[PDB]
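> I have a structure here, written as structure tokens, and I will follow up with some questions on it.
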Amino acid sequence: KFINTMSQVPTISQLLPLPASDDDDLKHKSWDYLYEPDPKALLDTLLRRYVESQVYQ
Amino acid sequence: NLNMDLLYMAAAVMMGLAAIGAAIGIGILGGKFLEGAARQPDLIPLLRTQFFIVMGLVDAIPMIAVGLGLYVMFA
Amino acid sequence: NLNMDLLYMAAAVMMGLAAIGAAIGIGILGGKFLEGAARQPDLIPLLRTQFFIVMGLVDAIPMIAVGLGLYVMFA
Amino acid sequence: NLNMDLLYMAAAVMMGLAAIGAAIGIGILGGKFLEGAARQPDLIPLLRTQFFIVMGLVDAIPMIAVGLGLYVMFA
Amino acid sequence: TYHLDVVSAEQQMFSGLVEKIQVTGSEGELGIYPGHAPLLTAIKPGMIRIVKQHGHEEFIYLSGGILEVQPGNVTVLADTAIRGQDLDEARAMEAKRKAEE
């Protein structure tokens, strides 16, 4: 981890299963998505892209 | 004579079909209104306004057949 | 004398059309309400007050045809 | 006798059928509009004016069935 | 007008306020007018058409990705290279081959 220009630390962090990051809201009622084609396939692609994103970071 | 009942039944058929047109027309209009609400409750106070205009037309023809059915009962 | 019987008949067809019109119309409207509840169970009391704004209009024209159906039963 | 009694039967049944058409049809077209408004409310004015054009064609055929229905009622 | 961001994992391709766009979704074409409905879908590889606010129409090629919409803020999460389960399975086999060596 590049904590600072002057200092860095080795880390081990779990990317799967998804960490329970709290991410708490109620504003989802106010704009809720049209799932095309279907919700579950979209969610799998998001999870796969998200893992690739964390590895690249 | 029997012709007095057949002119009454003429009101009965005018009423019968016109009631199905207005009931299901309003019901399909209303069913999609609930799909708009199901996604997005903040829209529903807007959506009640536009619903009532569109529902107004759905009545416009059946209400003519309703009134003539009332008149043909009395006359 | 046929005058009496055919008045009985004219109510019975007019009544059946009004029964079908109401029962189907609020069945459709109620189905979209239950989809909204299964999708969005936090809002079901809000949707309940929407569903009953709409339900009364679906009933309104079929109930008129029931009113004439019962008058042609009574007279 | 029978020509004038059946005159009642025709104009009433024609309007009953036309009241089905002119209210089922724009109810269906009403539900897609009220959905499209819930989709894109910047275009409720644009959809409403677009929706009026489509509705006028729907009504055109049923209006003539009321027109003949009153002309048989007058004559 | 709405705030659009087109981004990828490596770099942010484009951003700003926009009058409308046309996009090839997984199921078909979609136009985002001002204040469009909430949406989630995958988008196909190709050009997408931007018209930035004050009418500056433009083409952006995307290799794919995800579209999301909500009325005030919209974003596209673009992929860099053509993504296919078969192609990625081929890369997975390629990755194993190196391990043996």
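Ligands are numbered from 1 in the order shown, chains are lettered A, B, ... in the order of the structure tokens, and residues start at 1 in each chain.
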Do me a favour and pick out the residues of chain B within 8 Å of chain D, using only C-alpha atoms, as a PyMOL selection string.

chain B and resi 3-4+6-7+9-11+13-22+24-33+35-37+40+43+47+50-51+54-55+58-59+61-62+65+69

> Can I get the selected residues back with N, CA and C atoms, as a short mmCIF file (atom, residue, chain, number, x, y, z; two decimals), in the first residue's frame?


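Done, and the output landed in result_15.cif:
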```cif
data_model
loop_
_atom_site.label_atom_id
_atom_site.label_comp_id
_atom_site.auth_asym_id
_atom_site.auth_seq_id
_atom_site.Cartn_x
_atom_site.Cartn_y
_atom_site.Cartn_z
N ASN B 3 -92.98 -5.93 -27.65
CA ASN B 3 -92.08 -4.90 -28.17
C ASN B 3 -91.61 -3.91 -27.09
N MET B 4 -92.42 -3.68 -26.06
CA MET B 4 -91.98 -2.93 -24.88
C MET B 4 -90.80 -3.54 -24.10
N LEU B 6 -88.47 -5.55 -25.62
CA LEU B 6 -87.33 -5.61 -26.53
C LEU B 6 -86.66 -4.24 -26.70
N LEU B 7 -87.43 -3.16 -26.60
CA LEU B 7 -86.84 -1.82 -26.45
C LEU B 7 -86.19 -1.58 -25.08
N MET B 9 -84.67 -4.16 -23.38
CA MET B 9 -83.46 -4.96 -23.52
C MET B 9 -82.42 -4.28 -24.41
N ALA B 10 -82.88 -3.47 -25.35
CA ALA B 10 -81.99 -2.60 -26.10
C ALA B 10 -81.19 -1.65 -25.20
N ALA B 11 -81.80 -1.05 -24.19
CA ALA B 11 -81.00 -0.37 -23.17
C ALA B 11 -80.03 -1.31 -22.46
N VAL B 13 -78.43 -4.12 -23.46
CA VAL B 13 -77.24 -4.37 -24.26
C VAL B 13 -76.35 -3.13 -24.41
N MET B 14 -76.93 -1.96 -24.65
CA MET B 14 -76.13 -0.74 -24.67
C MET B 14 -75.32 -0.53 -23.38
N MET B 15 -75.97 -0.68 -22.23
CA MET B 15 -75.29 -0.66 -20.93
C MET B 15 -74.23 -1.76 -20.75
N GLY B 16 -74.56 -2.99 -21.13
CA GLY B 16 -73.65 -4.11 -20.87
C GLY B 16 -72.29 -4.00 -21.53
N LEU B 17 -72.25 -3.70 -22.81
CA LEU B 17 -70.97 -3.63 -23.51
C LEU B 17 -70.19 -2.38 -23.12
N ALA B 18 -70.89 -1.26 -22.96
CA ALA B 18 -70.25 0.00 -22.61
C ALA B 18 -69.56 -0.06 -21.25
N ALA B 19 -70.12 -0.82 -20.32
CA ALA B 19 -69.53 -1.07 -19.00
C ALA B 19 -68.22 -1.86 -19.03
N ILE B 20 -68.11 -2.84 -19.92
CA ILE B 20 -66.84 -3.54 -20.13
C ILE B 20 -65.78 -2.67 -20.80
N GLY B 21 -66.15 -1.92 -21.83
CA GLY B 21 -65.19 -1.00 -22.40
C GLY B 21 -64.60 -0.03 -21.39
N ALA B 22 -65.45 0.60 -20.59
CA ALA B 22 -64.94 1.57 -19.63
C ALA B 22 -64.17 0.94 -18.47
N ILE B 24 -62.34 -2.10 -18.22
CA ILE B 24 -61.04 -2.59 -18.66
C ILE B 24 -60.14 -1.50 -19.24
N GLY B 25 -60.67 -0.59 -20.03
CA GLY B 25 -59.87 0.57 -20.40
C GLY B 25 -59.27 1.31 -19.22
N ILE B 26 -60.05 1.53 -18.16
CA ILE B 26 -59.52 2.19 -16.97
C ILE B 26 -58.55 1.26 -16.23
N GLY B 27 -58.87 -0.03 -16.19
CA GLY B 27 -58.00 -1.02 -15.55
C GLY B 27 -56.63 -1.21 -16.19
N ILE B 28 -56.54 -1.18 -17.52
CA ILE B 28 -55.23 -1.26 -18.17
C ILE B 28 -54.46 0.05 -17.99
N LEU B 29 -55.10 1.18 -18.26
CA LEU B 29 -54.51 2.45 -17.86
C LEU B 29 -54.03 2.45 -16.40
N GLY B 30 -54.87 1.97 -15.47
CA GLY B 30 -54.47 1.89 -14.07
C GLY B 30 -53.36 0.89 -13.75
N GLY B 31 -53.32 -0.24 -14.44
CA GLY B 31 -52.26 -1.22 -14.19
C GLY B 31 -50.85 -0.73 -14.51
N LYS B 32 -50.68 -0.02 -15.62
CA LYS B 32 -49.41 0.61 -15.95
C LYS B 32 -49.09 1.80 -15.06
N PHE B 33 -50.11 2.47 -14.54
CA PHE B 33 -49.87 3.48 -13.51
C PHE B 33 -49.15 2.90 -12.31
N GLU B 35 -47.19 0.19 -12.33
CA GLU B 35 -45.80 -0.06 -12.71
C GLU B 35 -44.93 1.19 -12.66
N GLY B 36 -45.46 2.34 -13.02
CA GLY B 36 -44.72 3.57 -12.78
C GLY B 36 -44.47 3.85 -11.31
N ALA B 37 -45.50 3.71 -10.49
CA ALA B 37 -45.32 3.79 -9.04
C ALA B 37 -44.38 2.72 -8.49
N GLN B 40 -40.89 4.03 -8.79
CA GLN B 40 -40.47 5.39 -8.44
C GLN B 40 -41.55 6.22 -7.74
N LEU B 43 -42.41 10.02 -8.37
CA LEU B 43 -43.25 10.28 -9.55
C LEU B 43 -44.76 10.17 -9.31
N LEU B 47 -47.85 11.53 -11.43
CA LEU B 47 -48.56 10.58 -12.27
C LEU B 47 -50.06 10.54 -12.03
N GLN B 50 -51.53 13.20 -14.58
CA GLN B 50 -51.69 12.81 -15.98
C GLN B 50 -52.65 11.63 -16.14
N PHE B 51 -52.69 10.72 -15.16
CA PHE B 51 -53.66 9.63 -15.18
C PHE B 51 -55.11 10.12 -15.29
N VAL B 54 -56.02 11.32 -18.85
CA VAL B 54 -56.18 10.22 -19.80
C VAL B 54 -57.41 9.37 -19.48
N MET B 55 -57.69 9.15 -18.19
CA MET B 55 -58.91 8.47 -17.77
C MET B 55 -60.17 9.24 -18.16
N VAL B 58 -61.20 8.07 -21.57
CA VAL B 58 -61.71 6.70 -21.57
C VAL B 58 -63.20 6.63 -21.22
N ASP B 59 -63.65 7.50 -20.32
CA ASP B 59 -65.07 7.69 -20.04
C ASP B 59 -65.87 8.37 -21.15
N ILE B 61 -66.63 8.37 -24.37
CA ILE B 61 -67.61 7.60 -25.14
C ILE B 61 -68.55 6.72 -24.31
N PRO B 62 -68.06 5.89 -23.37
CA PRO B 62 -68.97 5.06 -22.56
C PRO B 62 -70.01 5.84 -21.77
N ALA B 65 -73.07 6.37 -23.90
CA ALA B 65 -73.89 5.16 -23.90
C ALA B 65 -74.58 4.90 -22.55
N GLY B 69 -78.68 4.88 -22.22
CA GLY B 69 -79.27 3.74 -21.52
C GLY B 69 -80.23 4.12 -20.41
#
```

> Kindly determine which residues of chain A lie within 12 Å of chain D, considering only C-alpha atoms, and give the answer as number ranges by chain.

A: 30-34

> Can you check the Cα RMSD once chain B has been least-squares fitted onto chain C over every paired atom, in order?

0.6 Å

> Specify as a ChimeraX atom specification all residues of chain E found within 10 Å of chain A, counting only C-alpha atoms.

/E:8-10,25-28,37-42,65-66,68-71,77,79

> Next, the residues of the selection above should be written as a PDB file, in the first residue's frame with C-alpha atoms.


```
ATOM      1  CA  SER E   8     -12.492   3.068 -17.790  1.00  0.00           C
ATOM      2  CA  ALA E   9     -10.359   1.400 -15.148  1.00  0.00           C
ATOM      3  CA  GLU E  10      -7.114   2.853 -16.495  1.00  0.00           C
ATOM      4  CA  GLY E  25     -27.502  -1.452 -25.513  1.00  0.00           C
ATOM      5  CA  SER E  26     -27.400  -5.222 -25.124  1.00  0.00           C
ATOM      6  CA  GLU E  27     -31.005  -5.417 -26.300  1.00  0.00           C
ATOM      7  CA  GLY E  28     -31.104  -2.447 -28.687  1.00  0.00           C
ATOM      8  CA  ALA E  37     -35.461   6.988 -16.244  1.00  0.00           C
ATOM      9  CA  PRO E  38     -33.107   4.995 -13.997  1.00  0.00           C
ATOM     10  CA  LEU E  39     -31.464   2.240 -16.027  1.00  0.00           C
ATOM     11  CA  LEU E  40     -28.873  -0.529 -15.835  1.00  0.00           C
ATOM     12  CA  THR E  41     -27.637  -2.498 -18.860  1.00  0.00           C
ATOM     13  CA  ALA E  42     -24.593  -3.851 -20.681  1.00  0.00           C
ATOM     14  CA  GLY E  65     -18.933  -2.106 -20.712  1.00  0.00           C
ATOM     15  CA  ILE E  66     -21.893  -1.150 -18.529  1.00  0.00           C
ATOM     16  CA  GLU E  68     -26.171   3.165 -15.745  1.00  0.00           C
ATOM     17  CA  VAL E  69     -28.645   6.075 -15.694  1.00  0.00           C
ATOM     18  CA  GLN E  70     -30.441   8.219 -13.155  1.00  0.00           C
ATOM     19  CA  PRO E  71     -32.024  11.564 -13.940  1.00  0.00           C
ATOM     20  CA  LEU E  77     -18.148   1.964 -17.232  1.00  0.00           C
ATOM     21  CA  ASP E  79     -14.071  -1.946 -21.021  1.00  0.00           C
TER      22      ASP E  79
END
```

> Atom CA of residue C:45 and atom CA of residue B:57 are how many Å apart?

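So the two atoms, atom CA of residue C:45 and atom CA of residue B:57, lie 29.1 Å apart.
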
> Please measure the separation of atom CA of residue C:64 and atom CA of residue D:68, giving the value in Å to one decimal.

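Distance between the two atoms: 24.5 Å.
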
> Could you give me, as JSON lines, a per-residue list for chain E showing, wherever an atom lies at most 7 Å from an atom of chain D, the closest pair of atoms and their distance in Å to one decimal, using only C-alpha atoms and sorting by chain then residue number from low to high?


```
{"residue": "E:34", "atom": "CA", "partner": "D:42", "partner_atom": "CA", "distance": 6.6}
{"residue": "E:35", "atom": "CA", "partner": "D:42", "partner_atom": "CA", "distance": 6.3}
{"residue": "E:36", "atom": "CA", "partner": "D:40", "partner_atom": "CA", "distance": 5.0}
{"residue": "E:37", "atom": "CA", "partner": "D:39", "partner_atom": "CA", "distance": 4.8}
```

> Output C-alpha atoms for every residue in that selection, as a tab-separated table (two decimals), in the first residue's frame.


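Output (result-v4.tsv):
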```
chain	number	residue	atom	x	y	z
E	34	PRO	CA	-32.67	15.07	-20.21
E	35	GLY	CA	-33.80	13.42	-16.98
E	36	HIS	CA	-34.25	9.92	-18.37
E	37	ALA	CA	-35.46	6.99	-16.24
```

> Give the helix (DSSP H, G or I) residues of chain A, as DSSP finds them on the backbone, and put them as a PyMOL selection string.

chain A and resi 39-56

> Save the residues we just selected, N, CA and C atoms, as a tab-separated table (two decimals), in the first residue's frame?


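Dumped everything to selection.tsv:
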```tsv
chain	number	residue	atom	x	y	z
A	39	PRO	N	-31.80	-9.13	-14.16
A	39	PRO	CA	-30.95	-8.65	-13.06
A	39	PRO	C	-29.72	-9.51	-12.79
A	40	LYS	N	-29.88	-10.83	-12.76
A	40	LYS	CA	-28.83	-11.73	-12.28
A	40	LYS	C	-27.62	-11.74	-13.20
A	41	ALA	N	-27.83	-11.76	-14.51
A	41	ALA	CA	-26.71	-11.68	-15.44
A	41	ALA	C	-25.95	-10.36	-15.31
A	42	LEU	N	-26.67	-9.26	-15.14
A	42	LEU	CA	-26.02	-7.97	-14.92
A	42	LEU	C	-25.19	-7.97	-13.65
A	43	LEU	N	-25.72	-8.54	-12.58
A	43	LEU	CA	-25.00	-8.62	-11.32
A	43	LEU	C	-23.73	-9.47	-11.42
A	44	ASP	N	-23.77	-10.56	-12.16
A	44	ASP	CA	-22.55	-11.34	-12.38
A	44	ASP	C	-21.48	-10.55	-13.14
A	45	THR	N	-21.87	-9.83	-14.19
A	45	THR	CA	-20.92	-8.99	-14.91
A	45	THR	C	-20.36	-7.86	-14.04
A	46	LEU	N	-21.19	-7.24	-13.22
A	46	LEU	CA	-20.68	-6.27	-12.26
A	46	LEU	C	-19.68	-6.88	-11.28
A	47	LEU	N	-19.99	-8.05	-10.73
A	47	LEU	CA	-19.06	-8.65	-9.78
A	47	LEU	C	-17.73	-8.99	-10.45
A	48	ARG	N	-17.78	-9.53	-11.65
A	48	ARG	CA	-16.57	-9.85	-12.40
A	48	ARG	C	-15.75	-8.62	-12.77
A	49	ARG	N	-16.39	-7.59	-13.30
A	49	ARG	CA	-15.69	-6.33	-13.56
A	49	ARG	C	-15.15	-5.69	-12.29
A	50	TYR	N	-15.87	-5.77	-11.18
A	50	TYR	CA	-15.41	-5.19	-9.92
A	50	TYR	C	-14.13	-5.85	-9.40
A	51	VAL	N	-14.05	-7.17	-9.48
A	51	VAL	CA	-12.85	-7.90	-9.07
A	51	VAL	C	-11.66	-7.52	-9.94
A	52	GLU	N	-11.85	-7.48	-11.24
A	52	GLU	CA	-10.80	-6.99	-12.13
A	52	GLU	C	-10.36	-5.57	-11.77
A	53	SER	N	-11.30	-4.70	-11.41
A	53	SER	CA	-10.98	-3.34	-11.00
A	53	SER	C	-10.13	-3.27	-9.73
A	54	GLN	N	-10.47	-4.04	-8.72
A	54	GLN	CA	-9.68	-4.09	-7.49
A	54	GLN	C	-8.27	-4.66	-7.70
A	55	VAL	N	-8.13	-5.68	-8.53
A	55	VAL	CA	-6.81	-6.23	-8.85
A	55	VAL	C	-5.94	-5.21	-9.57
A	56	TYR	N	-6.49	-4.50	-10.54
A	56	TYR	CA	-5.73	-3.47	-11.23
A	56	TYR	C	-5.34	-2.32	-10.29
```

> Residues within 8 Å of residue E:60, please, as number ranges by chain. Count only C-alpha atoms; anything in the same chain fewer than 2 positions from it doesn't count.

E: 47-50, 58, 62

> Just to be explicit: take each residue in the selection above, keep N, CA and C atoms, and write the result as an mmCIF file, in the first residue's frame.


```
data_model
loop_
_atom_site.group_PDB
_atom_site.id
_atom_site.type_symbol
_atom_site.label_atom_id
_atom_site.label_comp_id
_atom_site.auth_asym_id
_atom_site.auth_seq_id
_atom_site.Cartn_x
_atom_site.Cartn_y
_atom_site.Cartn_z
ATOM 1 N N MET E 47 -19.097 2.580 -32.021
ATOM 2 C CA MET E 47 -19.275 4.000 -31.750
ATOM 3 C C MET E 47 -20.548 4.248 -30.957
ATOM 4 N N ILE E 48 -20.473 5.180 -30.010
ATOM 5 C CA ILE E 48 -21.634 5.812 -29.399
ATOM 6 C C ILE E 48 -21.628 7.296 -29.734
ATOM 7 N N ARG E 49 -22.818 7.866 -29.903
ATOM 8 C CA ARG E 49 -22.964 9.260 -30.304
ATOM 9 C C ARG E 49 -23.239 10.154 -29.097
ATOM 10 N N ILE E 50 -22.387 11.159 -28.894
ATOM 11 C CA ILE E 50 -22.559 12.195 -27.877
ATOM 12 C C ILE E 50 -23.054 13.459 -28.567
ATOM 13 N N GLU E 58 -20.565 14.369 -31.296
ATOM 14 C CA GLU E 58 -19.273 13.693 -31.295
ATOM 15 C C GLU E 58 -19.483 12.179 -31.298
ATOM 16 N N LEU E 62 -16.301 2.708 -27.991
ATOM 17 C CA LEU E 62 -16.126 1.928 -26.772
ATOM 18 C C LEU E 62 -16.028 0.444 -27.097
#
```
